[PDB]
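Q: Below you'll find the structure I mean.
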Amino acid sequence: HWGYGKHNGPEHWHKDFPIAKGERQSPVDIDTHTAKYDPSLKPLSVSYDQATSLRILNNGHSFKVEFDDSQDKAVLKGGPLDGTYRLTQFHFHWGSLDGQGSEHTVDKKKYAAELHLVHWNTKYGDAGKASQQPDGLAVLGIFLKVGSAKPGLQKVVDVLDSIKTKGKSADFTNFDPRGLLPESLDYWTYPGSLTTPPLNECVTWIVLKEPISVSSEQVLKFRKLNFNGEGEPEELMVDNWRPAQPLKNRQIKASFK
Ligand SMILES: NS(=O)(=O)c1c(F)c(F)c(S(=O)(=O)CCO)c(NCc2ccccc2)c1F
Ligand SMILES: NS(=O)(=O)c1c(F)c(F)c(S(=O)(=O)CCO)c(NCc2ccccc2)c1F
Ligand SMILES: [Zn+2]
């Protein structure tokens, strides 16, 4: 099936998902000098006070924390968005080395990892239907650099040994995603896509300028995950990032400076 290897990785995805060569694919390189400051963009409103995390899962590509999104508990609005977007899950992409792992790049710089908080537009009723709409999803992207530890990440890191292989899940309640955010909500935004199959062109990307710092030990724990299922040949889950795709006819807007 699709993956990140030589034989099934990003360069092969277009054969099953022809939109891979589409006009609004993600991620992209954010050229900070070319991004246009838009004084009409609003501050992003991240309202995560009543978030209800449920479960953490290794899906063979990444790991994801899923949330109760059956009410307006953890929502994103404002910024470039019209309407209200409910948090459904977050996941990460990361490298085999600290100098790679992010999907977006900033002036061609790669970060060690990228956190994606995936939200869906409530006007479409459910995340599946939202993913079929051009304004269906909003993904808040946060870069991770290696330096000091991020305390709010540790609860995630410490459960990963229990979901080592594809298809493993664990209960993961009372996790507060506010502990994964940087101080500033200054961002770049552009219209794009899922960065994994099926690569739907349904995402308003909101990429925060300020990275979070995580420790080497934290990111080392991500790299102990396996792409393979229990009792198949071991392939460490590393380098689960799609490279930057052509910007084509898009402008990246900045909320700042
Ligand atoms: N992400 S979590 O459920 O594991 C957790 C922590 F473990 C944690 F240590 C923190 S902490 O680093 O801020 C210090 C003790 O509270 C937060 N923080 C959530 C938060 C962040 C900013 C403003 C309000 C809440 C936090 F959410
Ligand atoms: N990077 S990204 O945020 O575009 C991303 C993924 F990398 C990713 F793996 C996923 S997934 O694990 O759910 C695999 C499917 O692409 C989603 N999910 C987007 C989504 C969530 C709910 C309903 C429909 C799409 C997803 F949005
Ligand atoms: Zn992602």
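Naming works like this for the structure tokens: A, B, ... for the chains as they're shown, residue 1 at the start of each chain, ligands 1 onward in shown order.
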Extract, using only C-alpha atoms, all DNA, RNA and protein residues at most 8 Å from residue 183 in chain A, discarding same-chain residues fewer than 2 positions from it, and format them as a PDB file with N, CA and C atoms, in the first residue's frame.

A:
```
ATOM      1  N   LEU A 181       1.254  24.203  22.141  1.00  0.00           N
ATOM      2  CA  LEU A 181       1.272  25.425  21.329  1.00  0.00           C
ATOM      3  C   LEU A 181       2.429  26.308  21.753  1.00  0.00           C
ATOM      4  N   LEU A 185       0.730  33.166  18.190  1.00  0.00           N
ATOM      5  CA  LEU A 185      -0.138  32.609  17.161  1.00  0.00           C
ATOM      6  C   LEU A 185       0.027  33.391  15.856  1.00  0.00           C
ATOM      7  N   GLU A 210       6.206  30.485  14.983  1.00  0.00           N
ATOM      8  CA  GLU A 210       7.092  30.152  16.102  1.00  0.00           C
ATOM      9  C   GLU A 210       7.082  28.653  16.324  1.00  0.00           C
TER      10      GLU A 210
END
```

Q: Grab me every residue within 9 Å of ligand 3, counting only C-alpha atoms and all ligand atoms, and send it over as a PyMOL selection string.

A: chain A and resi 62+90-93+103+114-118+139+141+194-196+241

Q: Which parts of range 2-244 of chain A does DSSP call strand (DSSP E) when run on the backbone here, written out as a PyMOL selection string?

A: chain A and resi 29-30+36-37+44-47+53-58+63-67+75-78+85-94+105-106+113-121+137-146+169-171+187-192+203-208+212-214

Q: Considering only C-alpha atoms and all ligand atoms, can you say which of A:162, A:169, A:84, A:26 comes closest to ligand 2?

A: A:26

Q: Tell me, in Å to one decimal, how far CA of residue 151 in chain A is from atom 10 (C, counted along the ligand's line) of ligand 1.

A: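 Atom-to-atom, CA of residue 151 in chain A to atom 10 (C, counted along the ligand's line) of ligand 1, that is 5.7 Å.
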
Q: Under the rule that only C-alpha atoms and all ligand atoms are counted, which of A:205, A:227, A:48, A:222 is the nearest residue to ligand 1?

A: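 Counting only C-alpha atoms and all ligand atoms, the residue closest to ligand 1 is A:48.
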
Q: Name all residues at most 10 Å from residue 10 in chain A (count only C-alpha atoms; drop same-chain ones fewer than 2 positions away) and give them as a ChimeraX atom specification.

A: /A:2-8,12-14,20,195-197,240-243

Q: Identify, on the basis of only C-alpha atoms, every residue whose closest approach to range 54-61 of chain A does not exceed 7 Å; exclude the query and any residue fewer than 6 positions from it along the same chain; express the result as a list in words.

A: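 Residues meeting the cut-off are residues 3, 67, 68, 163, 165, 166, 167, 168, 169, 170, 171, 172, 173, 227, 228 and 240 of chain A.
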
Q: Selected residues, C-alpha atoms, written as a PDB file, in the first residue's frame, please.

A:
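Result saved to selection31.pdb:
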```
ATOM      1  CA  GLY A   3       3.832   4.658   2.475  1.00  0.00           C
ATOM      2  CA  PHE A  67     -10.817  13.806  20.071  1.00  0.00           C
ATOM      3  CA  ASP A  68     -14.535  13.853  20.759  1.00  0.00           C
ATOM      4  CA  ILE A 163       1.379   1.610  20.443  1.00  0.00           C
ATOM      5  CA  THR A 165       3.285  -1.193  15.826  1.00  0.00           C
ATOM      6  CA  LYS A 166       0.630  -0.577  13.184  1.00  0.00           C
ATOM      7  CA  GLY A 167      -2.934  -1.061  14.439  1.00  0.00           C
ATOM      8  CA  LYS A 168      -2.187  -0.634  18.157  1.00  0.00           C
ATOM      9  CA  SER A 169      -4.290   1.871  20.085  1.00  0.00           C
ATOM     10  CA  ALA A 170      -4.591   2.962  23.703  1.00  0.00           C
ATOM     11  CA  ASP A 171      -7.027   4.994  25.750  1.00  0.00           C
ATOM     12  CA  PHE A 172      -5.650   8.534  25.941  1.00  0.00           C
ATOM     13  CA  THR A 173      -7.984  10.740  27.941  1.00  0.00           C
ATOM     14  CA  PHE A 227       5.568   1.299  10.436  1.00  0.00           C
ATOM     15  CA  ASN A 228       5.033  -2.502  10.389  1.00  0.00           C
ATOM     16  CA  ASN A 240       6.992  10.075   7.377  1.00  0.00           C
TER      17      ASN A 240
END
```

Q: Using only C-alpha atoms and all ligand atoms, which residues of the polymer chains come no farther than 6 Å from ligand 1? I'd like the answer as a PDB file with N, CA, C and O atoms, in the first residue's frame.

A:
```
ATOM      1  N   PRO A 151       7.117  20.215  28.093  1.00  0.00           N
ATOM      2  CA  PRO A 151       6.447  19.387  29.115  1.00  0.00           C
ATOM      3  C   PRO A 151       5.113  18.822  28.654  1.00  0.00           C
ATOM      4  O   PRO A 151       4.775  17.678  28.947  1.00  0.00           O
ATOM      5  N   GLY A 152       4.388  19.624  27.882  1.00  0.00           N
ATOM      6  CA  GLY A 152       3.069  19.216  27.429  1.00  0.00           C
ATOM      7  C   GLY A 152       3.077  18.100  26.403  1.00  0.00           C
ATOM      8  O   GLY A 152       2.010  17.587  26.097  1.00  0.00           O
ATOM      9  N   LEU A 153       4.246  17.757  25.868  1.00  0.00           N
ATOM     10  CA  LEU A 153       4.375  16.629  24.965  1.00  0.00           C
ATOM     11  C   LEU A 153       4.645  15.324  25.719  1.00  0.00           C
ATOM     12  O   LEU A 153       4.504  14.249  25.158  1.00  0.00           O
ATOM     13  N   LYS A 155       3.332  13.465  28.069  1.00  0.00           N
ATOM     14  CA  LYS A 155       2.317  12.434  28.211  1.00  0.00           C
ATOM     15  C   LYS A 155       2.173  11.629  26.915  1.00  0.00           C
ATOM     16  O   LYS A 155       1.891  10.449  26.939  1.00  0.00           O
ATOM     17  N   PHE A 175      -5.883  14.576  27.822  1.00  0.00           N
ATOM     18  CA  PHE A 175      -4.713  15.241  27.276  1.00  0.00           C
ATOM     19  C   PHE A 175      -5.120  16.623  26.781  1.00  0.00           C
ATOM     20  O   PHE A 175      -6.093  16.761  26.023  1.00  0.00           O
ATOM     21  N   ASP A 176      -4.381  17.642  27.214  1.00  0.00           N
ATOM     22  CA  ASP A 176      -4.722  19.018  26.898  1.00  0.00           C
ATOM     23  C   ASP A 176      -3.843  19.527  25.753  1.00  0.00           C
ATOM     24  O   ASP A 176      -2.645  19.752  25.926  1.00  0.00           O
ATOM     25  N   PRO A 177      -4.394  19.713  24.524  1.00  0.00           N
ATOM     26  CA  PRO A 177      -3.522  20.118  23.405  1.00  0.00           C
ATOM     27  C   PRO A 177      -3.001  21.545  23.505  1.00  0.00           C
ATOM     28  O   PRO A 177      -2.066  21.898  22.758  1.00  0.00           O
ATOM     29  N   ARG A 178      -3.505  22.337  24.474  1.00  0.00           N
ATOM     30  CA  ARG A 178      -2.931  23.667  24.660  1.00  0.00           C
ATOM     31  C   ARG A 178      -1.457  23.532  25.030  1.00  0.00           C
ATOM     32  O   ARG A 178      -0.714  24.494  24.870  1.00  0.00           O
ATOM     33  N   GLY A 179      -1.083  22.388  25.641  1.00  0.00           N
ATOM     34  CA  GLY A 179       0.319  22.274  26.063  1.00  0.00           C
ATOM     35  C   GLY A 179       1.275  22.007  24.894  1.00  0.00           C
ATOM     36  O   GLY A 179       2.465  21.879  25.127  1.00  0.00           O
ATOM     37  N   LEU A 180       0.779  21.972  23.633  1.00  0.00           N
ATOM     38  CA  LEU A 180       1.622  21.783  22.482  1.00  0.00           C
ATOM     39  C   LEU A 180       1.813  23.090  21.689  1.00  0.00           C
ATOM     40  O   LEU A 180       2.496  23.043  20.660  1.00  0.00           O
TER      41      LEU A 180
END
```

Q: Between A:193, A:216, A:184, A:102, which one has atoms that come closest to residue 148 in chain A, using only C-alpha atoms?

A: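 Going through A:193, A:216, A:184, A:102 one by one, the smallest distance to residue 148 in chain A is for A:216.
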
Q: Give me the residues near residue 38 in chain A as an MDAnalysis selection string, where near means some atom within 12 Å (using only C-alpha atoms) and where sequence neighbours in that chain fewer than 6 positions away do not count.

A: chainID A and resid 79:80 186:190 251:257

Q: How far is it from atom 10 (C, counted along the ligand's line) of ligand 2 to CA of residue 157 in chain A, in Å with one decimal?

A: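 Separation between atom 10 (C, counted along the ligand's line) of ligand 2 and CA of residue 157 in chain A: 19.4 Å.
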
Q: Nearest to ligand 2 among A:158, A:69, A:107, A:82, with distances taken over only C-alpha atoms and all ligand atoms: which residue is it?

A: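 Residue with the minimum atom-to-atom distance to ligand 2: A:69.
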
Q: Which is closest to ligand 2 among A:212, A:207, A:74, A:137, if we use only C-alpha atoms and all ligand atoms?

A: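 Comparing A:212, A:207, A:74, A:137 against ligand 2, the winner is A:137.
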
Q: Of the residues A:51, A:156, A:247, A:203, which is the one nearest to ligand 2, using only C-alpha atoms and all ligand atoms?

A: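 Ranked by minimum distance to ligand 2, first place goes to A:203.
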
Q: Could you tell me how far CA of residue 85 in chain A lies from CA of residue 47 in chain A, in Å and to one decimal?

A: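 Separation between CA of residue 85 in chain A and CA of residue 47 in chain A: 10.2 Å.
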
Q: Pick out the residues sitting within 6 Å of residue 226 in chain A, and hand them over as a ChimeraX atom specification; count only C-alpha atoms, and ignore anything fewer than 4 positions along from it in its own chain.

A: /A:164-165,235-237

Q: Generate a file of the selected residues that holds N, CA and C atoms, formatted as a PDB file, in the first residue's frame.

A:
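Below is the file that was written, out.pdb:
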```
ATOM      1  N   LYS A 164       3.432   0.586  19.677  1.00  0.00           N
ATOM      2  CA  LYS A 164       4.668   0.543  18.906  1.00  0.00           C
ATOM      3  C   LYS A 164       4.412   0.203  17.445  1.00  0.00           C
ATOM      4  N   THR A 165       3.437  -0.674  17.172  1.00  0.00           N
ATOM      5  CA  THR A 165       3.285  -1.193  15.826  1.00  0.00           C
ATOM      6  C   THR A 165       1.917  -0.807  15.257  1.00  0.00           C
ATOM      7  N   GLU A 235      10.500  -2.015  10.605  1.00  0.00           N
ATOM      8  CA  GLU A 235      10.840  -0.821   9.844  1.00  0.00           C
ATOM      9  C   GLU A 235      10.509   0.357  10.752  1.00  0.00           C
ATOM     10  N   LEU A 236      11.526   1.052  11.264  1.00  0.00           N
ATOM     11  CA  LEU A 236      11.235   2.187  12.130  1.00  0.00           C
ATOM     12  C   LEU A 236      10.418   3.260  11.414  1.00  0.00           C
ATOM     13  N   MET A 237       9.448   3.813  12.164  1.00  0.00           N
ATOM     14  CA  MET A 237       8.621   4.883  11.634  1.00  0.00           C
ATOM     15  C   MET A 237       9.391   6.202  11.764  1.00  0.00           C
TER      16      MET A 237
END
```

Q: Where in range 97-142 of chain A does DSSP assign helix (DSSP H, G or I), given as an MDAnalysis selection string?

A: chainID A and resid 122:124 127:130
